[PDB]
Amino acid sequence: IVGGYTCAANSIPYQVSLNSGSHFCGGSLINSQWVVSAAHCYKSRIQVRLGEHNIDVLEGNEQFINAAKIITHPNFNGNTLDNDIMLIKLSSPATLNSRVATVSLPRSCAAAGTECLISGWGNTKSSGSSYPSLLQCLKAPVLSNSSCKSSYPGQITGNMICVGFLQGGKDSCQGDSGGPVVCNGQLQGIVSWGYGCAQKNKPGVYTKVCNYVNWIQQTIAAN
């Protein structure tokens, strides 16, 4: 997260870190056994870390649970990143408590202008690299479908939304993939891609979660 702030303790109880030796993507806890993340974060072995704030220090609130099922969207396209969403079923249910809680799936798509909260342990620099120990947060609005498509001609499908600032300076970045965009308390986006990070007229592009609520429910119901 470039241009954000260190999240408070107790904030973002639904955030998870996907770890395969090192943190490489985030995700969101949507019920005690299932995590949603980006399909390009797929790896055959994933440990999910819940209740994390400082990813470099064991603070004593963490739950580390291995992924049992790892299901990418049937129509995920690795080249275009269309349908970039994956479900992970934990090998054991998470203990929901103070520090670990779930986020709701959207009841409707978010309108342009809705303010959202984006979070992650990704790069905090647009030029260079600085990877934070503490979870970073960013408040940013959903951009109109027209501003998003004009920022990235011929690359935005109906399954993608732009969230951010056309002016740049504040954006998600490498290491934030798969993480949450929560607007009005509902999960509306998944960190997916962009050109660089925090560049002028290149806002982050996120998977539009309100298109997949029935696929998520059916997949959870079947597994």
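Quick note: we count residues from 1 along the sequence shown, nothing fancier.
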Between 101-109 and 134-142 (mean CA B-factor, as deposited), the higher: 101-109
Average Cα temperature factor in the PDB entry - higher stretch of 115-123, 71-79: 71-79
Residue, from 163, 166, 39, 190, that the PDB entry assigns the highest Cα B-factor: 166
Per the PDB entry, maximal CA B factor within 205, 213, 25, 12: 213
Residue 1 CA temperature factor, ranked by third within the chain: lowest
Where the record places residue 20 (Cα B-factor, split into thirds across the chain): highest
Relative C-alpha B-factor of residue 62, binned into the chain's lowest, middle or highest third: highest
B-factor third for the C-alpha atom of residue 176 within its chain: lowest
Residue 148 CA temperature factor, ranked by third within the chain: middle
